[PDB]
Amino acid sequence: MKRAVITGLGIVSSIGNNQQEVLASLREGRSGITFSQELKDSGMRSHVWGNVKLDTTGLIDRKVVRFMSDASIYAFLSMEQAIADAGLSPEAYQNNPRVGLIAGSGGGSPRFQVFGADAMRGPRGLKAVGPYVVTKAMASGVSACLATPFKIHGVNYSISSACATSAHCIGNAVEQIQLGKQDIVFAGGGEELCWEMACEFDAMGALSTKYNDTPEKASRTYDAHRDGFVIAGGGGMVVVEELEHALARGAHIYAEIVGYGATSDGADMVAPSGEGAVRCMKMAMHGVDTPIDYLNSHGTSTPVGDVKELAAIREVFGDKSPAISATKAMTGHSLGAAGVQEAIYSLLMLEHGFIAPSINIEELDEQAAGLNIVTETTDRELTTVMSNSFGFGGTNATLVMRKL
């Protein structure tokens, strides 16, 4: 069947506003985590976040931006970058039934939902709400707000699956290529960063609270004293393209997507089962005839989650486990954006031949022993990389990407 490759990428993240900045951060092991007065003022216990350090004012046409929440803004900027990176002209990708968009968010916009409800409850009612809240607050905001301005004619929808959202978007893009239905699908996602949503995670005890005085040290996947994830926002987009189409136009090809796993735990709402993750990784590796050289773990800095994933990795790989690092120790957890951003970090590692460090491991967890968790930037000629995304609701995605 038809083969899918990645021919362009774009990213707005806590560790950089484009792939050059991101690459520099990854090589330097630089944290994107800062203290948040907003989170503290809200009454949360977690006062740290992976914020986007970019003034987005004026970067998007008013007729376009008026419909957007922050998740859409970040995804739109990421898409602009990916189109430039891929070398695609509007003549080629616009008004083209074979060009689609699959991009989502984990939460939509709790900020604008709450804005709408607060405004409605005041003296001015509907007039205070205004006419733009639906496209800001609806679950499909990221796809809707981008398909119009980019003149997309093919598929147009959002997948959501919490922490796995943008990984399933990429996988679904691969399926569209495999089915012969699309030549190009822009795939990715975005997530806003706001107390309105973050407080929901703090309320379930999911966020780091013990390291607020040292924000760069809060996200610490695999460290014995990890205490929850650090919430983040941002966006990413990749250009998923059918192989012959890419070759015909002289595309720059980063990698082929040679595996896509998607499974379900059918067990616990918020904790991973392990069994689902093993099936997901094995599914992504089926027929892949090369070893995994580097695995970018889901690894959110949670007591239970981090080691559940490691146990699954041991079962999958037996006595030949890959180099591993958890880039969330640098970036935080961008929820709906995490899958595509982490696919991008993995692609940059593949393209530039290095492994980004798993930072903040002062004492390695006993359940991580004997694995090559890479803690210093390492130059290495990679060929095949794997990235895991294991979301709330027992939803699992794994992507395997390989040089062509």
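When you see a residue number, it is the position in the sequence shown, counting from 1.
Novice: Which wins on mean Cα temperature factor, 308 to 316 or 184 to 192?
Specialist: Per the deposited B-factors, the answer is 308 to 316.
Novice: Hey, which bit's got the bigger mean C-alpha B factor in the entry, 49 to 57 or 340 to 348?
Specialist: The entry gives the higher C-alpha B-factor average to 49 to 57.
Novice: Given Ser273, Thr263, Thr300, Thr165, identify the residue with the highest C-alpha B factor in the PDB entry.
Specialist: That would be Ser273, according to the entry.
Novice: Name the one of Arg98, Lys151, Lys328, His286 with the greatest CA B-factor according to the PDB entry.
Specialist: When the deposited C-alpha B-factors of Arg98, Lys151, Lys328, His286 are compared, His286 is largest.
Novice: Rank-wise, by C-alpha B-factor, drop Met401 into the lowest, middle or highest third of its chain.
Specialist: Within its chain, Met401 is a middle-third residue by C-alpha B-factor, going by the deposited values.
Novice: In terms of the chain's CA B-factor thirds, is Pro90 lowest, middle or highest?
Specialist: For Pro90, whose C-alpha B-factor we compare with every modelled residue in the chain, the answer is the highest third.
Novice: Compare the C-alpha B factor of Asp70 with those of the other modelled residues in its chain, then answer lowest, middle or highest third.
Specialist: It belongs to the lowest third of the chain when residues are ordered by C-alpha B-factor.
Novice: With respect to C-alpha B-factor, does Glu244 fall in the lowest, middle or highest third of the chain as deposited?
Specialist: Answer is middle: the recorded C-alpha B-factor places it there.
Novice: Of the three thirds of its chain by CA temperature factor, lowest, middle or highest, which one includes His333?
Specialist: According to the entry, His333 has a C-alpha B-factor in the chain's lowest third.
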